[PDB]
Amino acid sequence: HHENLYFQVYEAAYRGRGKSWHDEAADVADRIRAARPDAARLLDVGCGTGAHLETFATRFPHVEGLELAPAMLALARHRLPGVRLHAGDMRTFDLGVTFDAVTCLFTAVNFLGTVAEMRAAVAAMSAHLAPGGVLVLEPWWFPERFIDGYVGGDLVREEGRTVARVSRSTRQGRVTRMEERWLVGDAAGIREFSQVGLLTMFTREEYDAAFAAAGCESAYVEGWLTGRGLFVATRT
């Protein structure tokens, strides 16, 4: 007989829906080490809450983060005691040092609006790679793969609350419109919440072209733990 309980914002939500930043980071680290057994320096770009980095730190002596939103740069530092974090734009940063690996996960690069912007980002990351360094990038769905009008839904049971969520994803051009609507029922009442988020899709040929332009040989791992696959490139 025993019981568990946790207590005390996007990350909590995806964790409740079943996402494991730890398993993802571990798998990513295994693959980085496959290509680069001596990897020691890692930079996570668009780290957000730094959940991935929490696990990367257990695997690489030195790890760093790059983040544009200072509200998230706050939370990451809090959860990441010994981690050097930099405020910056992925499209523009320069830190004067190389890394054995640069990661860009959970569709972070798809927060850029144009192919010209994504290619500048991919080139920046590649610039911070030492020779043979590994670039890892989790892309947002490929236009060919993107179901349109896709409707998702999940029911999460939290402490004191039941949460319903229905989503709908639509496209206009290359831009993807995810409409999320939550229902939160608890002691005080039922609250409704609605969100929309926009990610700009790129094609496999577009990523592959951006890698090559920045001197990296790319490969794509179908599926992976998220469903969106994984690019693993090396800077030749």
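A residue's number is simply how far along the shown sequence it sits, counting from 1.
Subject >> Deposited residues lacking coordinates between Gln8 and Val9 (none, 1 to 3, 4 to 9, 10 or more) >> reply: Unresolved stretch here: 4 to 9 residues.
Subject >> 36-44 versus 167-175 - which carries the larger mean C-alpha B factor in the record >> reply: Higher mean C-alpha B-factor: 167-175.
Original post:
Do the CA atoms of 176-184 or those of 25-33 have the higher mean B-factor in the entry?
Top reply: Between 25-33 and 176-184, it is 176-184 that shows the higher mean C-alpha B-factor.
**OP:** Among all modelled residues of this chain, ranked by Cα B factor, put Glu158 in the bottom, middle or top third, i.e. lowest, middle or highest.
**Re:** Its C-alpha B-factor, which the entry lists for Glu158, ranks in the middle third among residues of this chain.
**OP:** Comparing against every modelled residue in the chain, figure out the third that the C-alpha B-factor of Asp94 lands in (lowest, middle or highest).
**Re:** Highest third, going by the recorded CA B-factors of the chain.
Subject >> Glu144 - which third its CA temperature factor falls in, relative to the rest of the chain >> reply: Tercile = highest for this residue's CA B-factor.
Subject >> For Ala51, the third of its chain into which the C-alpha B factor falls >> reply: Middle third - that is where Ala51 ends up once the chain's C-alpha B-factors are sorted.
**OP:** Ordered by C-alpha B-factor within the chain, which third holds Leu135? Give me lowest, middle or highest, please.
**Re:** Tercile = lowest for this residue's CA B-factor.
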